[PDB]
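Shown below: my_file-v8.csv, with CSV, C-alpha atoms and all ligand atoms.
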```
chain,number,residue,atom,x,y,z
A,1,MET,CA,20.0,20.0,-2.5
A,2,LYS,CA,21.1,19.6,-6.1
A,3,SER,CA,20.5,16.4,-8.2
A,4,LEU,CA,20.1,13.0,-6.6
A,5,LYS,CA,21.2,11.0,-9.6
A,6,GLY,CA,24.2,8.8,-8.7
A,7,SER,CA,24.3,10.0,-5.1
A,8,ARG,CA,24.3,7.6,-2.1
A,9,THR,CA,21.2,9.4,-0.9
A,10,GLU,CA,19.4,8.5,-4.1
A,11,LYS,CA,19.8,4.8,-3.3
A,12,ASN,CA,18.9,5.5,0.4
A,13,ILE,CA,15.6,7.1,-0.7
A,14,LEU,CA,14.7,4.3,-2.9
A,15,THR,CA,15.7,1.8,-0.2
A,16,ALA,CA,13.5,3.6,2.3
A,17,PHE,CA,10.7,3.8,-0.2
A,18,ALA,CA,11.1,0.1,-0.7
A,19,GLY,CA,11.0,-0.7,2.9
A,20,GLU,CA,8.2,1.8,3.7
A,21,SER,CA,6.2,0.4,0.8
A,22,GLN,CA,6.5,-3.0,2.2
A,23,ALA,CA,5.6,-1.8,5.7
A,24,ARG,CA,2.3,-0.4,4.4
A,25,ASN,CA,1.4,-3.8,3.1
A,26,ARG,CA,2.5,-5.6,6.3
A,27,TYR,CA,0.7,-3.2,8.5
A,28,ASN,CA,-2.5,-3.6,6.4
A,29,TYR,CA,-2.1,-7.4,6.6
A,30,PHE,CA,-1.4,-7.0,10.4
A,31,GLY,CA,-4.5,-4.8,10.7
A,32,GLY,CA,-6.7,-7.5,9.0
A,33,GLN,CA,-5.3,-10.1,11.4
A,34,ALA,CA,-6.0,-7.8,14.4
A,35,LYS,CA,-9.6,-7.5,13.3
A,36,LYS,CA,-9.8,-11.3,13.2
A,37,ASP,CA,-8.0,-11.4,16.6
A,38,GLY,CA,-10.8,-9.3,18.2
A,39,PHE,CA,-8.9,-6.1,18.4
A,40,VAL,CA,-10.8,-3.6,16.4
A,41,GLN,CA,-9.1,-0.5,17.9
A,42,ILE,CA,-5.7,-2.1,17.2
A,43,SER,CA,-6.9,-3.1,13.6
A,44,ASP,CA,-7.6,0.5,12.8
A,45,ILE,CA,-4.3,1.7,14.2
A,46,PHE,CA,-2.5,-0.8,11.9
A,47,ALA,CA,-4.6,0.5,9.1
A,48,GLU,CA,-3.8,4.0,10.2
A,49,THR,CA,-0.1,3.3,10.4
A,50,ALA,CA,-0.3,1.7,7.0
A,51,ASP,CA,-1.8,4.8,5.6
A,52,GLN,CA,0.8,6.9,7.3
A,53,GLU,CA,3.6,4.8,5.8
A,54,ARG,CA,2.0,5.4,2.4
A,55,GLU,CA,2.5,9.1,3.1
A,56,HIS,CA,6.0,8.7,4.2
A,57,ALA,CA,6.8,6.7,1.1
A,58,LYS,CA,5.0,9.3,-1.0
A,59,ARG,CA,7.1,12.2,0.2
A,60,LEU,CA,10.3,10.2,-0.4
A,61,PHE,CA,9.2,8.9,-3.8
A,62,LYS,CA,8.5,12.4,-4.9
A,63,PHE,CA,12.2,13.1,-4.4
A,64,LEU,CA,13.4,10.7,-7.1
A,65,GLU,CA,14.1,12.0,-10.6
A,66,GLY,CA,15.1,8.8,-12.2
A,67,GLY,CA,14.9,5.5,-14.0
A,68,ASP,CA,15.6,2.0,-12.7
A,69,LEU,CA,18.1,1.8,-9.8
A,70,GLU,CA,19.6,-1.3,-8.1
A,71,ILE,CA,19.5,-1.5,-4.4
A,72,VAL,CA,20.9,-4.0,-1.9
A,73,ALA,CA,18.9,-4.2,1.3
A,74,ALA,CA,17.4,-6.6,3.8
A,75,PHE,CA,13.7,-6.8,4.6
A,76,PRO,CA,11.6,-9.0,6.8
A,77,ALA,CA,10.8,-12.1,4.8
A,78,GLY,CA,7.4,-12.6,6.5
A,79,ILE,CA,5.7,-13.0,8.6
A,80,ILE,CA,2.0,-12.6,9.6
A,81,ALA,CA,1.5,-14.0,13.1
A,82,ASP,CA,-0.8,-13.3,16.1
A,83,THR,CA,-1.5,-9.7,16.9
A,84,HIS,CA,0.9,-9.4,19.9
A,85,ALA,CA,3.7,-10.8,17.7
A,86,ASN,CA,2.7,-8.6,14.8
A,87,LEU,CA,2.9,-5.6,17.2
A,88,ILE,CA,6.3,-6.5,18.4
A,89,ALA,CA,7.8,-7.3,15.0
A,90,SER,CA,6.4,-3.9,13.9
A,91,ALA,CA,7.9,-2.2,16.9
A,92,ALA,CA,11.3,-3.8,16.3
A,93,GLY,CA,11.3,-2.6,12.7
A,94,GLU,CA,10.2,0.8,13.6
A,95,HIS,CA,12.9,0.7,16.1
A,96,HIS,CA,15.7,-0.1,13.7
A,97,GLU,CA,14.4,2.5,11.4
A,98,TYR,CA,14.4,5.5,13.8
A,99,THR,CA,17.4,4.5,15.8
A,100,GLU,CA,19.5,3.3,12.8
A,101,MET,CA,18.4,3.6,9.2
A,102,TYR,CA,17.0,7.0,9.2
A,103,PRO,CA,19.6,8.7,11.4
A,104,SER,CA,22.3,7.4,9.0
A,105,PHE,CA,20.4,8.2,5.8
A,106,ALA,CA,19.9,11.7,7.3
A,107,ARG,CA,23.5,12.1,8.0
A,108,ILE,CA,24.6,11.1,4.4
A,109,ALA,CA,21.8,13.2,2.9
A,110,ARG,CA,23.2,16.1,5.0
A,111,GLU,CA,26.7,15.0,4.1
A,112,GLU,CA,25.9,15.0,0.4
A,113,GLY,CA,24.3,18.4,0.4
A,114,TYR,CA,20.7,17.2,0.6
A,115,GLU,CA,19.7,18.9,3.8
A,116,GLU,CA,16.0,19.1,3.0
A,117,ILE,CA,15.9,15.3,2.4
A,118,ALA,CA,18.0,15.1,5.6
A,119,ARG,CA,15.2,16.9,7.5
A,120,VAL,CA,12.6,14.6,6.0
A,121,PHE,CA,14.5,11.5,7.1
A,122,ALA,CA,14.8,12.9,10.6
A,123,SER,CA,11.1,14.0,10.6
A,124,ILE,CA,9.8,10.5,9.6
A,125,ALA,CA,12.0,9.1,12.3
A,126,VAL,CA,10.0,11.1,14.8
A,127,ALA,CA,6.8,9.5,13.5
A,128,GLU,CA,8.3,6.1,13.6
A,129,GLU,CA,9.2,6.6,17.2
A,130,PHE,CA,5.6,7.3,18.1
A,131,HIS,CA,4.5,4.4,15.9
A,132,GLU,CA,6.8,2.2,18.0
A,133,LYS,CA,5.5,3.7,21.2
A,134,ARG,CA,1.9,3.0,20.2
A,135,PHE,CA,2.6,-0.6,19.1
A,136,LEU,CA,4.4,-1.3,22.3
A,137,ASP,CA,1.7,0.0,24.6
A,138,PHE,CA,-0.8,-2.1,22.7
A,139,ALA,CA,1.5,-5.2,22.9
A,140,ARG,CA,1.8,-4.6,26.6
A,141,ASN,CA,-2.0,-4.3,27.2
A,142,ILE,CA,-2.5,-7.5,25.2
A,143,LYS,CA,0.3,-9.1,27.3
A,144,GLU,CA,-1.2,-7.7,30.6
A,145,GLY,CA,-4.8,-8.5,29.6
A,146,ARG,CA,-5.8,-4.9,29.9
A,147,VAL,CA,-7.2,-4.3,26.5
A,148,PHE,CA,-10.9,-4.6,27.5
A,149,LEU,CA,-10.4,-4.4,31.3
A,150,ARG,CA,-8.9,-1.8,33.6
A,151,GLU,CA,-8.4,-1.8,37.3
A,152,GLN,CA,-10.6,1.2,38.1
A,153,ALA,CA,-14.1,1.8,36.6
A,154,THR,CA,-13.5,4.0,33.5
A,155,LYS,CA,-15.4,4.8,30.3
A,156,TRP,CA,-15.3,2.6,27.2
A,157,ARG,CA,-16.5,3.7,23.8
A,158,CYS,CA,-18.0,1.5,21.1
A,159,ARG,CA,-16.1,2.2,18.0
A,160,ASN,CA,-19.0,0.9,15.9
A,161,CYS,CA,-21.7,3.2,17.2
A,162,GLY,CA,-20.3,5.6,19.8
A,163,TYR,CA,-22.1,4.1,22.7
A,164,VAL,CA,-20.3,5.0,25.9
A,165,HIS,CA,-20.0,2.7,28.9
A,166,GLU,CA,-18.9,3.2,32.5
A,167,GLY,CA,-17.1,0.3,34.1
A,168,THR,CA,-13.7,-1.4,34.7
A,169,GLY,CA,-14.2,-3.6,31.6
A,170,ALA,CA,-15.9,-3.1,28.2
A,171,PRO,CA,-19.3,-4.8,27.7
A,172,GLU,CA,-19.5,-8.2,26.0
A,173,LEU,CA,-21.9,-6.6,23.6
A,174,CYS,CA,-22.8,-3.1,22.8
A,175,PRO,CA,-26.2,-2.2,24.3
A,176,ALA,CA,-26.6,0.2,21.4
A,177,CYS,CA,-25.4,-1.5,18.2
A,178,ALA,CA,-25.1,-5.1,19.5
A,179,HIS,CA,-21.6,-5.4,18.2
A,180,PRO,CA,-19.1,-7.4,20.4
A,181,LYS,CA,-16.6,-6.2,22.9
A,182,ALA,CA,-13.9,-6.2,20.2
A,183,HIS,CA,-15.3,-2.8,19.1
A,184,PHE,CA,-14.7,-1.2,22.4
A,185,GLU,CA,-11.9,1.2,23.4
A,186,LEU,CA,-11.0,3.4,26.3
A,187,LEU,CA,-12.9,6.6,25.8
A,188,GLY,CA,-10.4,9.3,24.8
A,189,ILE,CA,-10.5,13.0,24.2
A,190,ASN,CA,-7.9,14.9,22.2
A,191,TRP,CA,-9.3,18.3,21.5
B,1,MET,CA,6.9,-27.4,-2.2
B,2,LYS,CA,9.1,-28.0,0.9
B,3,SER,CA,10.9,-25.1,2.7
B,4,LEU,CA,11.8,-21.8,1.1
B,5,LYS,CA,14.6,-20.9,3.4
B,6,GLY,CA,17.8,-20.4,1.4
B,7,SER,CA,16.3,-21.2,-1.9
B,8,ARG,CA,16.5,-18.9,-4.9
B,9,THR,CA,12.7,-18.8,-5.0
B,10,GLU,CA,12.8,-17.4,-1.4
B,11,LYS,CA,14.6,-14.3,-2.7
B,12,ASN,CA,12.4,-14.2,-5.8
B,13,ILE,CA,9.2,-14.0,-3.6
B,14,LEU,CA,10.7,-11.3,-1.5
B,15,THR,CA,11.8,-9.4,-4.5
B,16,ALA,CA,8.4,-9.7,-6.1
B,17,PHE,CA,6.8,-8.7,-2.8
B,18,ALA,CA,9.1,-5.7,-2.7
B,19,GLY,CA,8.3,-4.7,-6.3
B,20,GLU,CA,4.6,-5.3,-5.9
B,21,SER,CA,4.6,-3.3,-2.6
B,22,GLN,CA,6.1,-0.5,-4.4
B,23,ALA,CA,3.6,-0.8,-7.3
B,24,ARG,CA,0.7,-0.4,-4.9
B,25,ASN,CA,2.1,2.8,-3.7
B,26,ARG,CA,2.8,4.1,-7.2
B,27,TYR,CA,-0.5,3.1,-8.5
B,28,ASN,CA,-2.2,4.9,-5.6
B,29,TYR,CA,-0.1,8.0,-6.3
B,30,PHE,CA,-0.9,7.6,-10.0
B,31,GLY,CA,-4.6,7.4,-9.1
B,32,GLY,CA,-4.4,10.6,-7.1
B,33,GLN,CA,-2.8,12.3,-10.0
B,34,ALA,CA,-5.4,10.9,-12.4
B,35,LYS,CA,-8.1,12.4,-10.3
B,36,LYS,CA,-6.4,15.8,-10.4
B,37,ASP,CA,-6.0,15.3,-14.2
B,38,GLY,CA,-9.7,15.0,-14.6
B,39,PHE,CA,-9.9,11.3,-15.2
B,40,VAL,CA,-12.0,9.9,-12.4
B,41,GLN,CA,-12.7,6.5,-14.1
B,42,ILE,CA,-8.9,6.2,-14.6
B,43,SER,CA,-8.3,7.3,-11.0
B,44,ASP,CA,-10.4,4.5,-9.7
B,45,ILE,CA,-8.8,2.0,-11.9
B,46,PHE,CA,-5.3,2.9,-10.6
B,47,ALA,CA,-6.8,2.6,-7.1
B,48,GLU,CA,-8.3,-0.7,-8.1
B,49,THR,CA,-5.0,-1.9,-9.5
B,50,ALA,CA,-3.3,-0.7,-6.3
B,51,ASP,CA,-5.6,-2.8,-4.3
B,52,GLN,CA,-5.1,-5.8,-6.6
B,53,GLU,CA,-1.3,-5.4,-6.2
B,54,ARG,CA,-1.9,-5.4,-2.4
B,55,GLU,CA,-3.5,-8.8,-2.9
B,56,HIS,CA,-0.8,-10.2,-5.1
B,57,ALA,CA,1.8,-9.1,-2.5
B,58,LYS,CA,-0.3,-10.6,0.2
B,59,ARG,CA,-0.4,-14.0,-1.4
B,60,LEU,CA,3.3,-13.9,-2.0
B,61,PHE,CA,4.2,-12.6,1.5
B,62,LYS,CA,2.3,-15.4,3.1
B,63,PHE,CA,4.7,-17.8,1.5
B,64,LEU,CA,7.7,-16.6,3.5
B,65,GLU,CA,8.7,-18.3,6.7
B,66,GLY,CA,11.5,-16.2,7.6
B,67,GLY,CA,13.6,-13.4,9.0
B,68,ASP,CA,15.6,-10.7,7.3
B,69,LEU,CA,16.8,-11.4,3.8
B,70,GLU,CA,19.0,-9.4,1.5
B,71,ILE,CA,17.9,-8.8,-2.1
B,72,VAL,CA,19.5,-7.2,-5.1
B,73,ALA,CA,17.0,-5.8,-7.5
B,74,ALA,CA,16.2,-2.7,-9.6
B,75,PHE,CA,13.1,-0.6,-9.2
B,76,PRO,CA,11.8,2.6,-10.8
B,77,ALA,CA,13.3,5.5,-9.0
B,78,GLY,CA,10.3,7.7,-9.5
B,79,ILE,CA,8.4,9.1,-11.0
B,80,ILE,CA,4.9,10.7,-10.8
B,81,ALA,CA,4.1,12.4,-14.1
B,82,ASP,CA,1.0,13.3,-16.1
B,83,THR,CA,-1.6,10.5,-16.4
B,84,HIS,CA,-0.7,9.3,-19.9
B,85,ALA,CA,2.9,9.0,-18.9
B,86,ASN,CA,1.8,7.3,-15.6
B,87,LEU,CA,-0.2,4.8,-17.6
B,88,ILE,CA,2.6,4.1,-20.0
B,89,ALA,CA,5.2,3.6,-17.3
B,90,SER,CA,2.8,1.4,-15.5
B,91,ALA,CA,2.2,-0.6,-18.6
B,92,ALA,CA,5.9,-1.0,-19.3
B,93,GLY,CA,6.5,-2.3,-15.7
B,94,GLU,CA,3.6,-4.6,-15.9
B,95,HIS,CA,5.1,-5.7,-19.2
B,96,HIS,CA,8.5,-6.6,-17.9
B,97,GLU,CA,6.8,-8.4,-15.0
B,98,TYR,CA,4.6,-10.7,-17.0
B,99,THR,CA,6.9,-11.3,-20.0
B,100,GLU,CA,10.1,-11.5,-18.0
B,101,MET,CA,10.2,-11.5,-14.2
B,102,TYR,CA,7.3,-13.8,-13.4
B,103,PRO,CA,7.9,-16.3,-16.2
B,104,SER,CA,11.5,-16.8,-14.9
B,105,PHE,CA,10.5,-16.8,-11.2
B,106,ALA,CA,7.9,-19.4,-12.0
B,107,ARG,CA,10.5,-21.5,-13.8
B,108,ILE,CA,12.9,-21.5,-10.9
B,109,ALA,CA,10.1,-22.1,-8.4
B,110,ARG,CA,9.1,-25.0,-10.5
B,111,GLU,CA,12.8,-25.9,-11.0
B,112,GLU,CA,13.3,-25.9,-7.2
B,113,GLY,CA,10.3,-28.0,-6.4
B,114,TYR,CA,8.0,-25.1,-5.5
B,115,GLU,CA,5.3,-25.8,-8.1
B,116,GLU,CA,2.4,-24.1,-6.2
B,117,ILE,CA,4.4,-20.9,-5.9
B,118,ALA,CA,5.2,-21.5,-9.6
B,119,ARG,CA,1.5,-21.6,-10.4
B,120,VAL,CA,1.0,-18.4,-8.4
B,121,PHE,CA,3.7,-16.5,-10.2
B,122,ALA,CA,2.2,-17.6,-13.5
B,123,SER,CA,-1.3,-16.7,-12.3
B,124,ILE,CA,-0.3,-13.2,-11.2
B,125,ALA,CA,1.3,-12.8,-14.6
B,126,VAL,CA,-2.1,-13.2,-16.2
B,127,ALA,CA,-3.5,-10.4,-14.0
B,128,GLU,CA,-0.6,-8.3,-14.9
B,129,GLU,CA,-1.3,-8.7,-18.6
B,130,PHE,CA,-4.8,-7.5,-18.2
B,131,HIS,CA,-3.5,-4.7,-16.1
B,132,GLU,CA,-1.2,-3.8,-18.9
B,133,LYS,CA,-4.0,-4.1,-21.5
B,134,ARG,CA,-6.2,-1.8,-19.4
B,135,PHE,CA,-3.5,0.8,-18.9
B,136,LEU,CA,-2.8,0.8,-22.6
B,137,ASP,CA,-6.3,1.3,-23.8
B,138,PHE,CA,-6.7,4.1,-21.4
B,139,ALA,CA,-3.4,5.7,-22.5
B,140,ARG,CA,-4.6,5.4,-26.1
B,141,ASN,CA,-8.0,7.1,-25.5
B,142,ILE,CA,-6.1,9.8,-23.7
B,143,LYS,CA,-3.8,10.0,-26.7
B,144,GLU,CA,-6.6,9.9,-29.2
B,145,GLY,CA,-8.9,12.3,-27.2
B,146,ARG,CA,-11.6,9.7,-26.9
B,147,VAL,CA,-12.0,9.6,-23.2
B,148,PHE,CA,-15.1,11.8,-23.0
B,149,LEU,CA,-15.9,11.7,-26.7
B,150,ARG,CA,-16.8,8.9,-29.2
B,151,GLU,CA,-17.5,8.9,-32.9
B,152,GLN,CA,-21.1,7.6,-32.6
B,153,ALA,CA,-23.7,8.6,-30.1
B,154,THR,CA,-23.4,6.2,-27.1
B,155,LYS,CA,-24.3,6.1,-23.5
B,156,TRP,CA,-22.2,7.7,-20.8
B,157,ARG,CA,-22.6,7.1,-17.1
B,158,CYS,CA,-21.9,9.6,-14.3
B,159,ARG,CA,-19.7,7.7,-11.8
B,160,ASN,CA,-20.7,10.1,-9.1
B,161,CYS,CA,-24.5,9.6,-9.2
B,162,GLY,CA,-25.4,7.0,-11.9
B,163,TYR,CA,-27.0,9.5,-14.2
B,164,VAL,CA,-27.0,8.1,-17.8
B,165,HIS,CA,-26.5,10.2,-20.9
B,166,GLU,CA,-27.0,9.5,-24.6
B,167,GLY,CA,-24.6,11.2,-26.9
B,168,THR,CA,-21.2,11.1,-28.7
B,169,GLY,CA,-19.5,12.9,-25.7
B,170,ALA,CA,-20.1,13.0,-22.0
B,171,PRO,CA,-21.8,16.2,-20.6
B,172,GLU,CA,-19.8,19.1,-19.2
B,173,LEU,CA,-21.8,18.7,-16.0
B,174,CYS,CA,-24.0,16.0,-14.7
B,175,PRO,CA,-27.6,17.1,-15.0
B,176,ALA,CA,-28.3,15.0,-11.9
B,177,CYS,CA,-25.4,15.5,-9.4
B,178,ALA,CA,-23.8,18.6,-11.0
B,179,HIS,CA,-20.4,17.0,-11.0
B,180,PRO,CA,-18.1,17.7,-14.0
B,181,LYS,CA,-17.4,15.6,-17.1
B,182,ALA,CA,-14.4,14.0,-15.3
B,183,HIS,CA,-16.9,11.7,-13.5
B,184,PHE,CA,-18.3,10.3,-16.7
B,185,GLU,CA,-17.5,7.0,-18.3
B,186,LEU,CA,-18.8,4.9,-21.2
B,187,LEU,CA,-21.8,3.0,-19.8
B,188,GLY,CA,-20.8,-0.6,-19.4
B,189,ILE,CA,-22.6,-3.8,-18.5
B,190,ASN,CA,-20.7,-6.9,-17.3
B,191,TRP,CA,-23.4,-9.3,-15.9
A,201,FE,FE,6.3,3.7,11.1
A,202,FE,FE,-22.2,0.1,19.7
A,203,FE,FE,-0.2,-5.4,-12.1
A,204,FE,FE,-24.1,12.7,-11.7
A,205,ZN,ZN,7.1,5.2,7.9
A,206,ZN,ZN,0.7,-7.4,-9.2
```
Rewrite the coordinates I just gave you, this time as structure tokens.
Ligand SMILES: [Fe+3]
Ligand SMILES: [Fe+3]
Ligand SMILES: [Fe+3]
Ligand SMILES: [Fe+3]
Ligand SMILES: [Zn+2]
Ligand SMILES: [Zn+2]
Amino acid sequence: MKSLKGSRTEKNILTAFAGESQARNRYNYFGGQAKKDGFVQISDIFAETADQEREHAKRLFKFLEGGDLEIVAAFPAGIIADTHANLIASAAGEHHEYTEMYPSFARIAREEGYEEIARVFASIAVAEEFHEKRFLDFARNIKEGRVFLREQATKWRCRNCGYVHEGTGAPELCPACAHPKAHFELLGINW
Amino acid sequence: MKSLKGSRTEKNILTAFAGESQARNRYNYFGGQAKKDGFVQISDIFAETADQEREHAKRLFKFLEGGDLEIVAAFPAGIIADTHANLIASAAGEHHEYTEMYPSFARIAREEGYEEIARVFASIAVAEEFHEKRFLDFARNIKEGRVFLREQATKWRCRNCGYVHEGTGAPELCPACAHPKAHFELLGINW
């Protein structure tokens, strides 16, 4: 470290901040479309990813010490589509970020004496890979019609009321809260 | 209207989207700092303004029909300070936006045959003026020490539990929910 002011890293941070800020918005918009599309678990993961982008941007933004600063950079100009498409566009952009943008940025940060920032750019990359992974599995189940249907009987959980259900597919309506299949997910345990 | 692709308006929308996306983040960060600073009513108004920026950005973003698109533009590189400073930086940026950026953008939109977009840029400007107004009155009370103290006895409301209190100043603790003065605001009626 030292001072960012005038460095290339300084513009890289702002550019990342600008792209991650926009990603938060798009993921929130993508989450609202997934809810409309009937994918509540996917809606909440967009919303979760949005929130996690907010936190990536926050860490970066706190690096800056400065005033206004001009950046040249390209950004998706649109667009909000169907959920599958939203998930793939999201995946693609996460992809460029972790395979391209952040590795470079990291490099230069490193290569300007900003190794902490360097670490942070690499660390966010990790998150972005998982984000990608996640978006892709979900796109694939949507593609393979396996969101609400699996080939062996398994357990599904109602996200709305916690009702658990044994079967190959989620129910068309929660016996407990009477919410529709959209609220069902594969029951998972991570503790 | 017609098609945005290649227009100057197209880059203006993305640039606005990019600046408004960043504003959402900064206002959310500014809201978290106001909560820490002991200004809960001001925290929630940052959060409210953040949310309203999300909605300005959403309307704009929905205009785009496109792919990647390069923009040159300047953005605050930082910073998160004390609440007063956050409120003034916010005011300044809202100021530039409604007096400068959006009037121009509107003009060109107009002047490219995009009059609906034109209307939207002018309409957002209105919101941004109120946003400014709001931030400025709050900065002024913080400046004049009148956040939690007024010169005549008046009524204060606990934002946490609704408890209402008659006095020149808010109480140091809510008699009802036992939360601190930070949660108090001037009682208001807008219905
Ligand atoms: Fe990500
Ligand atoms: Fe249920
Ligand atoms: Fe505003
Ligand atoms: Fe109270
Ligand atoms: Zn991110
Ligand atoms: Zn706005």
Could you give me, as a tab-separated table (two decimals) with C-alpha atoms, in the coordinates of the input, every polymer residue with an atom at most 8 Å away from an atom of ligand FE 201 (chain A), counting all atoms listed in the file?
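Contents of the output file part-v4.tsv:
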```tsv
chain	number	residue	atom	x	y	z
A	20	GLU	CA	8.20	1.80	3.70
A	23	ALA	CA	5.60	-1.80	5.70
A	49	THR	CA	-0.10	3.30	10.40
A	52	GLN	CA	0.80	6.90	7.30
A	53	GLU	CA	3.60	4.80	5.80
A	94	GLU	CA	10.20	0.80	13.60
A	124	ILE	CA	9.80	10.50	9.60
A	125	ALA	CA	12.00	9.10	12.30
A	127	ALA	CA	6.80	9.50	13.50
A	128	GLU	CA	8.30	6.10	13.60
A	129	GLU	CA	9.20	6.60	17.20
A	130	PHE	CA	5.60	7.30	18.10
A	131	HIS	CA	4.50	4.40	15.90
A	132	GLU	CA	6.80	2.20	18.00
```
Inset, instruction - Using all atoms listed in the file, select each residue of chain A with any atom at most 6 Å away from an atom of chain B, and give the selection as a list in words. - result: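 My answer is residues 21, 22, 61, 64, 65, 66, 67, 68, 69, 70, 71, 72, 73, 74, 75, 76, 77 and 78 of chain A.
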Inset, instruction - Within 12 Å of residue A:42, counting all atoms listed in the file, which residues show up once you throw out same-chain ones fewer than 2 positions away? Write them as an MDAnalysis selection string, please. - result: chainID A and resid 27:28 30:40 44:49 83:84 86:87 134:139 141:142 147:148 159 182:186
Legend entry - 12 Å contact set for residue A:109, all atoms listed in the file, chain neighbours under 5 positions out, as a VMD selection string: chain A and resid 1 to 4 7 to 13 101 to 104 114 to 122
Legend entry - After fitting chain B to chain A over every Cα pair taken in order, the RMSD: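 Answer to one decimal place: 0.1 Å.
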Legend entry - Nearest candidate to ligand FE 202 (chain A) (options A:97, A:158, A:172, A:166; using only C-alpha atoms and all ligand atoms):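 Result for the nearest residue to ligand FE 202 (chain A): A:158.
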Legend entry - Cut-off 8 Å, only C-alpha atoms and all ligand atoms, neighbours of ligand FE 202 (chain A) as a count of residues only: 15
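We find atom CA of residue B:152 and atom CA of residue B:187 to be spaced 13.6 Å apart.
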Inset, instruction - Compare B:126, B:189, B:108, B:85 by their minimum atom-to-atom distance to ligand FE 203 (chain A), counting all atoms listed in the file, and give me the closest one. - result: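 Ranking B:126, B:189, B:108, B:85 by distance to ligand FE 203 (chain A), first place goes to B:126.
In this structure, atom CA of residue A:41 sits 11.6 Å away from atom CA of residue A:156.
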Legend entry - Two-atom distance - atom CA of residue A:169, atom CA of residue A:190 (Å): 21.7 Å
